[PDB]
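For reference, the structure discussed in these notes is given below.
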Number of protein chains: 2
Amino acid sequence: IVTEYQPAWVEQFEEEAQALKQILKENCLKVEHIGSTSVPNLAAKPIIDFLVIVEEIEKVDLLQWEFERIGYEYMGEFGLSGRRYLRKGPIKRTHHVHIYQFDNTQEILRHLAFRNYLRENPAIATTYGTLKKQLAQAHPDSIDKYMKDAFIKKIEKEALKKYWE
Amino acid sequence: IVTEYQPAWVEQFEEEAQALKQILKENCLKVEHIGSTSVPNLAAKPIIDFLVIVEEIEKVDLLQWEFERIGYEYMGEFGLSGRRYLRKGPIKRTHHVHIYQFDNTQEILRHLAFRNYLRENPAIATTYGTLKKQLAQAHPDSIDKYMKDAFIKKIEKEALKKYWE
């Protein structure tokens, strides 16, 4: 379910980001907070999204069971080339980790530009939050129907243009 | 021929960047100085490289003859998907313009990361300048043999990793 923005999401991000870095070690170039919970004052599902950028993606497979040990399902690419995707937890969904190699610039910028653009455009973020709240009031049953797509693609495009300016 | 760094290259870049913007108008999101002449104190061929980022690449074709009017050969992709490449002039080579659409993140970051990394790593820039000077002392006849490739790919990779940190 979508809630009003929770400042605590930042705490949650930073705590888990440290946990992730302990596992990834030198292969981890950067962990970024992404997705709606990374945009102050944006209404969102309380699921923290992590963008983890690594030197070598195949090396992350060696760590599958370390991630399982801290509660992740290790999903592999899960449909996106070059990604390693992690989700937890088994009781309720709380953390989504999107791991990419440093040379996957399209995916890395898709996430960072989208975030940066919403942070700089509160009116657009408000439009997005309002839409999400409206959707939840229409599909409480279906997360499939819930999962905004045309709006997100439009904004991602505006965001990537803005990224270079 | 490779010369020691010329601070005037910055002047040359800014003057022509304005000229390019006059032609490209609203389609131009950003003009960046790239390549060796954009790295202060790096020895280089005195050819200014421009990275032009646009909303719509196909729209640039409408401007081919405007670019010719200011002295460019309009080269199209010239072997790179999504690029529009311009070179001038007819008497001596002075300006190379590399135009890409905003969503060509791989090419845009290849250039910007490479530049930023050399700017932050003077020892690496010195290695690169020394190599270029050495090469010129070996192939004064052949620009083909001159045109460093393994070194550049290595540095581009280091640079893109650093870009995210």
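Please note: Cβ atoms are built from the backbone with ideal geometry, for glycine as well, and neighbour counts cover all protein chains shown. All of the numbers you see were taken from the coordinates with simple rules; none came from a lab.
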Looking across region A:103-139 at residues that are of a type in the set (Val, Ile, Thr) and closer than 30 Å to B:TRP164 by Cβ, the single one that is surrounded by the most Cβ atoms within 10 Å (Cβ to Cβ) is A:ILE108
Within region A:45-76, restricting to residues that are aliphatic (A, V, I, L, M), more than 14 Å from chain B (Cβ to nearest Cβ) and out of contact with any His (no Cβ under 7 Å at 6 or more places or on another chain), the one that is nearest to A:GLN101 (Cα to Cα) is A:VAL60
With the first residue restricted to region A:112-140 and required to be over 15 Å from A:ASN41 (Cα atoms), and the second required to be exposed (fewer than 12 other Cβ atoms within 10 Å of the Cβ) and not aliphatic (A, V, I, L, M), Cβ contacts under 7 Å at 6 or more apart or on different chains are A:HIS139/A:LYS145
Flagged pairs (Cβ under 8 angstrom, 6 or more apart or on separate chains; first in region A:1-24, within 16 Å of A:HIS98 (Cβ to Cβ); second aliphatic (A, V, I, L, M) and part of a helix (DSSP H, G or I)) are A:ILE23/A:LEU63; A:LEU24/A:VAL60; A:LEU24/A:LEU63
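Just to confirm my filter: which strands (runs of 3 or more DSSP E) fall fully inside region B:1-96 and include at least 1 residues that are out of contact with any helix residue (DSSP H, G or I) (no Cβ under 8 Å at 6 or more places or on another chain)?
It comes to B:28-34, B:83-88.
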Looking across region A:89-105 at residues that are within 13 Å of chain B (Cβ to nearest Cβ) and in contact with an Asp or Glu (Cβ under 8 Å, 6 or more places away or on another chain), the single one that is nearest to A:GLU68 (Cα to Cα) is A:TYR100
Here the qualifying pairs (Cβ atoms under 8 Å; residues six or more apart or on different chains; first in region B:56-70 and surrounded by fewer than 13 Cβ atoms within 10 Å (Cβ to Cβ); second in a helix (DSSP H, G or I) and not hydroxyl-bearing (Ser, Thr, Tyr)) come out as B:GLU56/B:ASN27
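Looking at region A:18-32 only, could you name the residues that are of a type outside the set (D, E, K, R) and more than 14 Å from chain B (Cβ to nearest Cβ)?
The initial filter retains those residues of region A:18-32 that are of a type outside the set (D, E, K, R), namely A:18-20, A:22-24, A:27-29, A:31.
Result: A:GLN18, A:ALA19, A:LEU20, A:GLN22, A:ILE23.
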